[PDB]
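Chemist: Just passing along the structure, written as structure tokens.
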Amino acid sequence: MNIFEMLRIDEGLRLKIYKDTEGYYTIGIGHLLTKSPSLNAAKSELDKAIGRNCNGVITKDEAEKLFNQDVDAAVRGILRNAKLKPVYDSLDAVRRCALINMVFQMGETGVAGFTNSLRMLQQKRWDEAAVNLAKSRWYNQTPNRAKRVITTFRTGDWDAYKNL
């Protein structure tokens with residue numbers, strides 16, 4: 001398993017503009033287009049992102065391209081972040097994947113705020129950190145996905161995704 005396959009299990013693939021768990025306009029493999037309530041604002045961002053007149057619809061090819069950009073930007077964002085970089089560097093390959101998924105879902109900003117969990121992951125206190133991560137809006141709102149990520153950080157292997 002790798003980061004792209006993991007995220008593709010978590011996010012799915014939709015070739016038509018859709019609403020987030022949050023009600024936000026998104027397309028493809030979890031590509032947020034706008035937090036704005038107009039389908040029109042969303043459509044405009046879509047064509048800007050793809051470089052064509054999409055009319056709210058994209059190809060598989062286009063979805064994967066956005067997904068390539070998105071993953072690359074998550075990693076690079078982690079690397080530039082003074083709070084994130086040190087944890088990422090301390091982690092093994094699998095757990096690095098679990099950090100990248102949080103960042104993809106919630107943004108650099110959102111993850112850098114899990115101060116206490118970050119500290120525990122750096123320390124390699126896997127069980128304590130899993131407990132701490134679960135105490136969040138994140139876990140309460142998307143419990144199945146949060147639990148998959150959390151298991152990945154606790155175990156260090158891909159079993160949560162084997163099922164799936």
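Naming scheme: A, B, ... for chains in displayed order of the structure tokens; residues 1 onward per chain; ligands 1 onward as shown.
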Please, which residues of chain A, numbered as in this document, come out helix (DSSP H, G or I) from DSSP, as a ChimeraX atom specification?
Modeler: /A:3-11,39-50,60-80,84-90,93-112,115-122,126-133,137-141,143-155,160-163
Chemist: As a list in words, please: the residues near residue A:145 (cut-off 12 Å, only C-alpha atoms, same-chain neighbours under 6 positions excluded).
Modeler: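 Non-adjacent residues within range: residues 6, 7, 8, 9, 10, 11, 12, 21, 98, 101, 102, 105, 134, 138, 139, 151, 152, 160, 161 and 164 of chain A.
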Chemist: Between A:84, A:57, A:129, A:33, single out the one closest to residue A:111, counting only C-alpha atoms.
Modeler: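 Counting only C-alpha atoms, the residue closest to residue A:111 is A:84.
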Chemist: Quick one: residues within 7 Å of stretch 112-116 of chain A, only C-alpha atoms, excluding same-chain residues fewer than 3 positions away - as number ranges by chain?
Modeler: A: 83-84, 108-109, 119-120
Chemist: Show which residues sit within 8 Å of stretch 43-48 of chain A, as number ranges by chain. Count only C-alpha atoms, and ignore same-chain residues fewer than 6 positions away.
Modeler: A: 33-34, 54-56
Chemist: Please measure the separation of atom CA of residue A:15 and atom CA of residue A:58, giving the value in Å to one decimal.
Modeler: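 About the pair atom CA of residue A:15 and atom CA of residue A:58: they are 5.4 Å apart.
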Chemist: As number ranges by chain, please: every residue in chain A that DSSP puts in strand (DSSP E or B).
Modeler: A: 14-19, 25-28, 31-34, 57
Chemist: Output N, CA and C atoms for every residue in that selection, as an mmCIF file, in the first residue's frame.
Modeler:
data_model
loop_
_atom_site.group_PDB
_atom_site.id
_atom_site.type_symbol
_atom_site.label_atom_id
_atom_site.label_comp_id
_atom_site.auth_asym_id
_atom_site.auth_seq_id
_atom_site.Cartn_x
_atom_site.Cartn_y
_atom_site.Cartn_z
ATOM 1 N N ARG A 14 -15.186 10.888 -7.508
ATOM 2 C CA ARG A 14 -16.397 11.509 -8.052
ATOM 3 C C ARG A 14 -16.019 12.503 -9.121
ATOM 4 N N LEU A 15 -16.594 12.268 -10.264
ATOM 5 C CA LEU A 15 -16.262 12.977 -11.450
ATOM 6 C C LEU A 15 -17.144 14.147 -11.706
ATOM 7 N N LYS A 16 -18.145 14.329 -10.825
ATOM 8 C CA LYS A 16 -19.131 15.449 -10.801
ATOM 9 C C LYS A 16 -19.020 16.243 -9.524
ATOM 10 N N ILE A 17 -19.211 17.595 -9.606
ATOM 11 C CA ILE A 17 -19.117 18.438 -8.404
ATOM 12 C C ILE A 17 -20.011 17.826 -7.350
ATOM 13 N N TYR A 18 -19.473 17.702 -6.131
ATOM 14 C CA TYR A 18 -20.217 17.158 -4.988
ATOM 15 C C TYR A 18 -19.983 17.954 -3.689
ATOM 16 N N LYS A 19 -20.760 17.690 -2.606
ATOM 17 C CA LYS A 19 -20.571 18.265 -1.276
ATOM 18 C C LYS A 19 -19.840 17.300 -0.315
ATOM 19 N N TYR A 25 -18.233 22.345 -1.626
ATOM 20 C CA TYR A 25 -18.031 21.912 -2.994
ATOM 21 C C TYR A 25 -16.639 21.302 -3.262
ATOM 22 N N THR A 26 -16.642 20.070 -3.764
ATOM 23 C CA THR A 26 -15.446 19.289 -4.018
ATOM 24 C C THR A 26 -15.636 18.537 -5.343
ATOM 25 N N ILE A 27 -14.591 18.000 -5.908
ATOM 26 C CA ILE A 27 -14.629 17.127 -7.081
ATOM 27 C C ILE A 27 -13.434 16.130 -7.011
ATOM 28 N N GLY A 28 -13.475 15.039 -7.770
ATOM 29 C CA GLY A 28 -12.354 14.086 -7.884
ATOM 30 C C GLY A 28 -12.088 13.283 -6.642
ATOM 31 N N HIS A 31 -10.728 16.857 -3.757
ATOM 32 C CA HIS A 31 -10.223 18.165 -4.085
ATOM 33 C C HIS A 31 -11.281 19.251 -3.765
ATOM 34 N N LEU A 32 -11.077 19.949 -2.644
ATOM 35 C CA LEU A 32 -11.961 21.026 -2.240
ATOM 36 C C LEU A 32 -11.958 22.169 -3.254
ATOM 37 N N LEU A 33 -13.101 22.556 -3.755
ATOM 38 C CA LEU A 33 -12.984 23.627 -4.731
ATOM 39 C C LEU A 33 -13.171 25.007 -4.054
ATOM 40 N N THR A 34 -14.243 25.120 -3.230
ATOM 41 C CA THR A 34 -14.611 26.376 -2.545
ATOM 42 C C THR A 34 -15.328 26.094 -1.271
ATOM 43 N N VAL A 57 -18.085 19.042 -14.655
ATOM 44 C CA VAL A 57 -17.706 17.675 -14.869
ATOM 45 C C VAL A 57 -16.266 17.525 -15.393
#
Chemist: Can you measure atom CA of residue A:41 to atom CA of residue A:68 for me? One decimal in Å is fine.
Modeler: 23.4 Å
Chemist: If I take atom CA of residue A:63 and atom CA of residue A:5, how far is one from the other in Å, to one decimal?
Modeler: 14.1 Å
Chemist: Write out as a compact mmCIF listing (two decimals) with N, CA, C and O atoms, in the first residue's frame which residues come within 10 Å of residue A:96 when counting only C-alpha atoms, dropping same-chain ones fewer than 5 positions away.
Modeler:
# COMPACT_ATOMS: atom_id res chain seq x y z
N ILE A 3 0.67 5.99 -0.18
CA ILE A 3 -0.15 7.17 0.11
C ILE A 3 -1.34 7.42 -0.87
O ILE A 3 -2.44 7.83 -0.48
N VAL A 75 2.79 17.08 1.15
CA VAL A 75 4.13 16.74 1.54
C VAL A 75 5.03 17.97 1.68
O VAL A 75 5.72 18.15 2.68
N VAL A 87 8.21 16.34 13.26
CA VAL A 87 7.51 15.08 13.56
C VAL A 87 7.67 14.10 12.37
O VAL A 87 7.95 12.93 12.53
N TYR A 88 7.47 14.63 11.16
CA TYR A 88 7.51 13.89 9.93
C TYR A 88 8.86 13.19 9.82
O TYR A 88 8.96 12.00 9.56
N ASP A 89 9.92 13.95 10.05
CA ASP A 89 11.29 13.42 10.01
C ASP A 89 11.56 12.32 11.04
O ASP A 89 12.40 11.43 10.83
N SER A 90 10.82 12.36 12.15
CA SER A 90 11.08 11.42 13.19
C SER A 90 10.38 10.15 12.89
O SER A 90 10.68 9.14 13.50
N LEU A 91 9.36 10.19 12.03
CA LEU A 91 8.54 9.02 11.76
C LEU A 91 9.10 8.04 10.71
O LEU A 91 9.77 8.43 9.74
N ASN A 101 -2.12 12.05 5.30
CA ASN A 101 -3.57 11.96 5.16
C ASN A 101 -4.24 13.02 6.01
O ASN A 101 -5.15 13.67 5.51
N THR A 152 -3.31 3.32 12.13
CA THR A 152 -2.07 3.37 11.39
C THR A 152 -0.91 3.96 12.20
O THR A 152 0.22 3.49 12.18
N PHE A 153 -1.18 4.99 12.98
CA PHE A 153 -0.21 5.60 13.87
C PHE A 153 0.09 4.69 15.09
O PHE A 153 1.21 4.65 15.58
N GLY A 156 1.66 1.16 12.97
CA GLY A 156 2.82 1.21 12.15
C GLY A 156 2.69 0.31 10.89
O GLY A 156 3.62 0.20 10.08
Chemist: Could you check the closest approach to residue A:155 for each of A:70, A:64, A:127, A:20 and tell me which residue wins, using only C-alpha atoms?
Modeler: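 Smallest distance to residue A:155 is found for A:127.
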Chemist: Which residue gives the smallest distance to residue A:135 among A:117, A:81, A:38, A:53, with only C-alpha atoms counted?
Modeler: A:117
Chemist: Could you give me, as an mmCIF file with N, CA and C atoms, in the first residue's frame, the residues within 12 Å of residue A:86, counting only C-alpha atoms and dropping anything in the same chain fewer than 6 positions from it?
Modeler:
data_model
loop_
_atom_site.group_PDB
_atom_site.id
_atom_site.type_symbol
_atom_site.label_atom_id
_atom_site.label_comp_id
_atom_site.auth_asym_id
_atom_site.auth_seq_id
_atom_site.Cartn_x
_atom_site.Cartn_y
_atom_site.Cartn_z
ATOM 1 N N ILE A 78 4.080 20.037 4.700
ATOM 2 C CA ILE A 78 4.641 19.407 5.876
ATOM 3 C C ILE A 78 6.112 19.819 6.005
ATOM 4 N N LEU A 79 6.856 19.722 4.916
ATOM 5 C CA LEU A 79 8.288 20.005 4.922
ATOM 6 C C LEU A 79 8.685 21.408 5.263
ATOM 7 N N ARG A 80 7.801 22.376 4.985
ATOM 8 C CA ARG A 80 7.998 23.827 5.180
ATOM 9 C C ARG A 80 7.493 24.291 6.535
ATOM 10 N N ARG A 96 4.452 8.068 8.455
ATOM 11 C CA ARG A 96 4.519 9.279 7.631
ATOM 12 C C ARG A 96 3.265 9.409 6.742
ATOM 13 N N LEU A 99 0.312 10.909 8.718
ATOM 14 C CA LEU A 99 0.442 12.367 8.880
ATOM 15 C C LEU A 99 0.029 13.020 7.593
ATOM 16 N N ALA A 112 -1.196 21.190 12.597
ATOM 17 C CA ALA A 112 -0.142 21.831 13.442
ATOM 18 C C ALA A 112 -0.678 22.254 14.801
ATOM 19 N N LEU A 118 1.114 15.657 18.552
ATOM 20 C CA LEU A 118 2.305 15.803 17.750
ATOM 21 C C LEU A 118 3.522 15.432 18.609
ATOM 22 N N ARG A 119 3.549 15.976 19.803
ATOM 23 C CA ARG A 119 4.538 15.776 20.853
ATOM 24 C C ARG A 119 4.652 14.276 21.204
ATOM 25 N N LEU A 121 3.608 11.714 19.305
ATOM 26 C CA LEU A 121 4.080 10.971 18.167
ATOM 27 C C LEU A 121 5.595 11.130 18.082
ATOM 28 N N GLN A 122 6.137 12.339 18.314
ATOM 29 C CA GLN A 122 7.575 12.530 18.258
ATOM 30 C C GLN A 122 8.322 11.634 19.226
ATOM 31 N N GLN A 123 7.710 11.458 20.413
ATOM 32 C CA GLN A 123 8.226 10.649 21.500
ATOM 33 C C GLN A 123 8.077 9.177 21.314
#
Chemist: Counting only C-alpha atoms, which residue out of A:73, A:103, A:13, A:150 sits closest to residue A:136?
Modeler: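 Counting only C-alpha atoms, the residue closest to residue A:136 is A:150.
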